[PDB]
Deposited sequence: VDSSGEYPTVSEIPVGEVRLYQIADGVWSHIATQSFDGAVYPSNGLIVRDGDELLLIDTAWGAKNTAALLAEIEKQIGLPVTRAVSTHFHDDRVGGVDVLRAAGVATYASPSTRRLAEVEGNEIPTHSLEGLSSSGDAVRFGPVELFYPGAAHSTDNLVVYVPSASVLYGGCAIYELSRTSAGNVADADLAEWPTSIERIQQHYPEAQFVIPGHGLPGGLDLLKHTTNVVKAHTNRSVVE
């Protein structure tokens, strides 16, 4: 029903069922005096679970595993980090200690290493060129090109028409650019156009942060990125 917001979430994680065998995970971090939520994805893979992204640090990620263990009761066997920043790889060591196989593209592993971030163990091949797609159990992984980061992936759940954009897609309430230090502002709209052209059938679109919507989130993101590009 109601999507969890910061008001409903203290170190804690809430799960939200989007569709059959598909959940978002919602966590929060305090940064620079503000509290910001973050979304990831949980996709049932027969009798196991695939996790998309950490819950933004070690404590949140241990809370995530505890909240999955309580509310779903199926083992997380694999996790994918959609880019090298801490809201995506922070907590990878926690997952690994729990016997989760952690995965990222070689691009993400290299950038995580340069940044001194946690490094997922396993390499995702076949994603190095813009518009590359690879199947990963119950999802398709898609490299749309540089956007929020040079390595960002998006995740589609063909069975449920759920598109998880991670930090490449903004929620409607975000009307100004977020962390764009590692962004390719010049390529971001082209990368969104690749997502639009590949998943024109998506019914649910989950941004990296805040409320889900539909494919209008992609145009929304294009509008915000263009407005930032044109700052005088």
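**Q** Missing C-alpha stretches, by deposited numbering?
**A** Unobserved in coordinates, per deposited numbering: 1-4, 15, 238-240.
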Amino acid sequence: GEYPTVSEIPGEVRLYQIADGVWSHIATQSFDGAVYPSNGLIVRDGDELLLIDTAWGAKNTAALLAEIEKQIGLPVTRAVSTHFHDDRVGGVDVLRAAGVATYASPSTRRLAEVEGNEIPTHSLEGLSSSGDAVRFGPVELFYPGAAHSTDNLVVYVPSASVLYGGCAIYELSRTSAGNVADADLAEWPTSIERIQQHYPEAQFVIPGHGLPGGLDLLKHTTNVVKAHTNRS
From here on, numbers count along this sequence of modelled residues.
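Note that the rigid core is defined as the largest set of C-alphas that superpose within 1.5 Å between two forms.
**Q** Return whichever of 25-33 or 197-205 has the larger RMS Cα deviation from the displayed form in 8 other deposited structures of this protein, where every structure is aligned on the rigid core.
**A** Once the core is superposed, the stretch further away in 8 other deposited structures of this protein is 25-33.
**Q** If you take the mean CA temperature factor per stretch, which one wins between 193-201 and 166-174?
**A** Mean CA B-factor is higher for 193-201.
**Q** Output the stretch having the higher mean C-alpha B factor in the entry; the candidates are 17-25 and 218-226.
**A** Between 17-25 and 218-226, it is 17-25.
**Q** Among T108, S161, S149, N117, which carries the highest Cα B-factor?
**A** Answer for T108, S161, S149, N117: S161, with the highest C-alpha B-factor.
**Q** Sort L50, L185, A55, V35 by C-alpha B-factor from the entry and give me just the highest.
**A** The listed residue with the largest C-alpha B-factor is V35.
**Q** Taking the entry's C-alpha B-factors for this chain, is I72 in the lowest, middle or highest third?
**A** According to the entry, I72 has a C-alpha B-factor in the chain's highest third.
**Q** Determine, from the deposited record, the chain-internal third of the Cα B-factor for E140: lowest, middle or highest.
**A** For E140, the deposited C-alpha B-factor lands in the lowest third.
**Q** Hey, what third does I206 fall into on Cα B-factor, ranked over its chain?
**A** Ranked within chain, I206 CA B lands in the lowest tercile.
**Q** What third of the chain does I42 rank in for C-alpha temperature factor, lowest, middle or highest?
**A** Bottom third by C-alpha B-factor.
**Q** Select lowest, middle or highest to describe the third in which the CA B-factor of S128 falls within its chain in this entry.
**A** Within its chain, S128 is a highest-third residue by C-alpha B-factor, going by the deposited values.
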